[PDB]
């Protein structure tokens, strides 16, 4: 009815499948929800998918053809393209009968960013919203913050869909960490400022870069989520609905 699509994008250990699971249940209180799994090499799902590409191809079976692991992943998404139109249509249909279609993407994001299947699928859905989750562990140095927010800018460019930067597993944060990440993230002044202290080509090649005063809506609002405590779920829901309007 409301027909929103939310695509979770992240690398290994970001926890996006658990998030897709739990954020669904959260939504299943006030909304009809659909689950789509595009990962051909995930062992188990904590939700019940209306679409599961493992039903057509899996990485493990393909490897049992003599493919290397890197080669079976790529080859698994080559075979999916034979069922491109089907899935696009499976998805478009689901989107007509639901408030939310949650799309769980390949564990290796480059399989989604670089392969025809993921790229073309995206191109052909109406205004999908993308949520890019990062493992807060990566957030050790000041450049790490600029990168996260640049990567989300690309995903946007590559998939042509608004992309929301998010940290997940924030329940594991000491709260000092919690303190530290927000500062760099929300206080654009703080971040840029700090980037000068680096006397290095990367402290120097990395400062002119966080040009917030650029683009349009230069700065993006970073969500902090937790599958575990349902932190930030209402923000995301508010962000979905609001993207659906604008």
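Numbering follows the first chain given and starts at 1.
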Q) Which of the two stretches, 159-167 or 135-143, shows the higher mean Cα temperature factor in the record? A) 135-143
Q. When the C-alpha temperature factors are averaged for each of 118-126 and 170-178, which stretch ends up with the higher value in the entry?
A. 170-178
Q.
Given 55, 39, 48, 215, identify the residue with the highest C-alpha B factor in the PDB entry.
A. 215
**Q.** residue 35 CA temperature factor, ranked by third within the chain
**A.** lowest
Q) For residue 1, does the deposited CA B-factor place it in the lowest, middle or highest third of the chain? A) highest
Q) Of the three thirds of its chain by CA temperature factor, lowest, middle or highest, which one includes residue 245? A) highest
